[PDB]
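Consider the single chain below, provided in structure tokens and representing the form deposited in one PDB entry.
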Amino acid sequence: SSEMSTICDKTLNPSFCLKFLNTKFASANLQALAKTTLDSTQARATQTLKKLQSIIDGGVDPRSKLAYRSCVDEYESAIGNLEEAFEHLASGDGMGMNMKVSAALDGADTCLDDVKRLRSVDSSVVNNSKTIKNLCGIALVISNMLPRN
């Protein structure tokens, strides 16, 4: 039994992880699976940055505006962190990947905390933030399992 076939038990939302690995017929090669996971995570982050900007540009109230602007800053940083995560993955450096994915996760988590006190919130921002947190959680488990140099 490959690690991939049971890896979801080590995540906060195993349902999400099971959906993700089945939907994408996940590689049993952990290096390959790290890369496809990062791909999905970066695509989601980039989409979310665009959504946040669209919401801000449409004109929200000051409380929402500060929250979504904080989310933009967190996502700009998270996107950079995921870019670095890719760079380290390309060298086979699982630990490097892990540190940078961890930093990205905090960006998504911080966005979720920045929007929590809002009376009414954009569901795609909340849902994408949760999705990115979950995807980072999967990538952390994978990067942990890659061979040490």
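Take the two forms, superpose them, and find the largest set of C-alpha atoms that agree within 1.5 Å; that set is the rigid core. Quick note: we count residues from 1 along the sequence shown, nothing fancier. Only residues modelled in both forms are compared.
There is another form of this protein, the form deposited in another entry, and it is not shown here; the text below is about that form.
Participant: State which of the options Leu89, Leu30, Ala67, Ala26 undergoes a Cα shift of 2 Å or more between the shown form and the other one, taking the core as fixed.
Facilitator: Comparing the C-alpha positions, the one residue that moves 2 Å or more is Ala26.
Participant: Spell out whether the Cα of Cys17 moves at least 2 Å between the shown form and the other one when the two forms are superposed on their rigid core.
Facilitator: Yes, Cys17 moves 2 Å or more.
Participant: Between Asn29 and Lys24, do the C-alpha atoms lie closer or farther in the other entry than in the shown form, with a difference of 3 angstroms or more?
Facilitator: The answer is closer, because the C-alphas of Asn29 and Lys24 approach each other in the other entry by 3 Å or more.
Participant: Comparing against this form, do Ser27 and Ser91 have their CA atoms pulled together or pushed apart in the other entry? The difference is 3 Å or more.
Facilitator: Closer, not farther.
Participant: For residues shared by both forms, which stretches of 3 or more shift their Cα by 2 Å or more between the shown form and the other one, once the core is superposed?
Facilitator: Segment displaced between the shown form and the other one after core fit: 3-28 only.
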